[PDB]
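The data below hold one chain only, encoded as structure tokens and taken in the form deposited in one PDB entry.
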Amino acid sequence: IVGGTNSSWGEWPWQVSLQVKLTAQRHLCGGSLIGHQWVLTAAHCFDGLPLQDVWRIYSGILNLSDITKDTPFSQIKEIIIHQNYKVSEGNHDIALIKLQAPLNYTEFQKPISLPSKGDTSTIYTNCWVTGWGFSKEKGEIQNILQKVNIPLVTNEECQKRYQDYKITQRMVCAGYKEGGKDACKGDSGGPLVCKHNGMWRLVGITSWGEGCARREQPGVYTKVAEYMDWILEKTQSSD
């Protein structure tokens, strides 16, 4: 996250860190807890990965430097990548992770609410993106979970900044014309959440953008409402 600040405990209790351990352990992506055994993230987080035994999913953690060999983590039972996701193309950048065991809910570990199928922003005027990703292009993973407030941009205006790519109705964009505040490398798969009437909901999944926090280059997110039929079907069928 570029231009953000340090979060406090319990602000973002759905945020998870998706890490891998081969010989060394590293944070790769964010994700959102959406039910007791389900994390929602980006499909591109699985491109160029070994099989799932490598993953360690941390929840209820604010600071990655607080993680030790004894810190509990979740393991993966199932990965459900959208059937129509193709890496070169980048549409349908969405994936479900089923955990090996359900998590107990606490103030620091609980699920984000989901939108209804076929929902529109606006109504979303107060949106935030979180993660442990780089704080500048060519930066490094941050220790304390970062937060930043970013306005949604219309698909028409987002499209003008991305002549080579089609901005579809299944994407949502967010950013400042002057840049300076954005998701970045390592924020993939994490949440774009908006507070409406006191309650937070998951509006987007961090996906792509040109560099990080450049002027006139908004972040692009998978629009969760446009995949609600898929999320429900896949999680019901598995459960």
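The term rigid core refers to the most C-alpha atoms you can superpose between the two forms while keeping them within 1.5 Å. Don't overthink the numbering: it's just position in the shown sequence, from 1.
**Item:** Mean temperature factor over C-alpha atoms, higher-scoring stretch between 156-164 and 124-132
**Value:** According to the entry, 156-164 carries the higher average C-alpha B-factor.
**Mean C-alpha B-factor comparison - 14-22 and 211-219, higher one** = According to the PDB entry, the answer is 211-219.
**Request:** Specify which of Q146, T71, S74, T106 carries the largest Cα B factor in the deposited PDB entry.
**Result:** Result of the comparison over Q146, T71, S74, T106: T71.
**Item:** Peak C-alpha temperature factor (PDB record), options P115, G90, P151, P111
**Value:** Spelled out: the listed residue with the top C-alpha B-factor is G90.
**Position of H196 among the chain's modelled residues by C-alpha B-factor, lowest, middle or highest third** = For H196, whose C-alpha B-factor we compare with every modelled residue in the chain, the answer is the highest third.
**Prompt:** Within this chain, which third does the Cα B-factor at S65 fall in: lowest, middle or highest?
**Reply:** Tercile = highest for this residue's CA B-factor.
**Request:** Within this chain's modelled residues, let me know which third the CA B factor of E178 belongs to: lowest, middle or highest.
**Result:** It falls in the top third of the chain.
**Request:** Grab the CA temperature factor for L49 from the record and place it in the lowest, middle or highest third of its chain.
**Result:** As the PDB entry reports it, the C-alpha B-factor of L49 lands in the highest third of its chain.
**Asked** Within this chain, which third does the Cα B-factor at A101 fall in: lowest, middle or highest?
**Response** CA B-factor rank for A101: highest third.
Note that the form deposited in another entry isn't included here; everything after this is about it.
**Asked** Which of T106, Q169, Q83, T122 has its C-alpha displaced by 2 Å or more between the shown form and the other one after core superposition?
**Response** Going through each option, the one that shifts is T122.
**Asked** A183 and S121: do their C-alpha atoms lie closer or farther in the other form than in the form you see, with a change of 3 Å or more?
**Response** Result: farther.
**Pairwise C-alpha change, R215 versus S121, in the other form against this form - closer or farther, 3 angstroms or more** = Pair moves farther apart in the other form.
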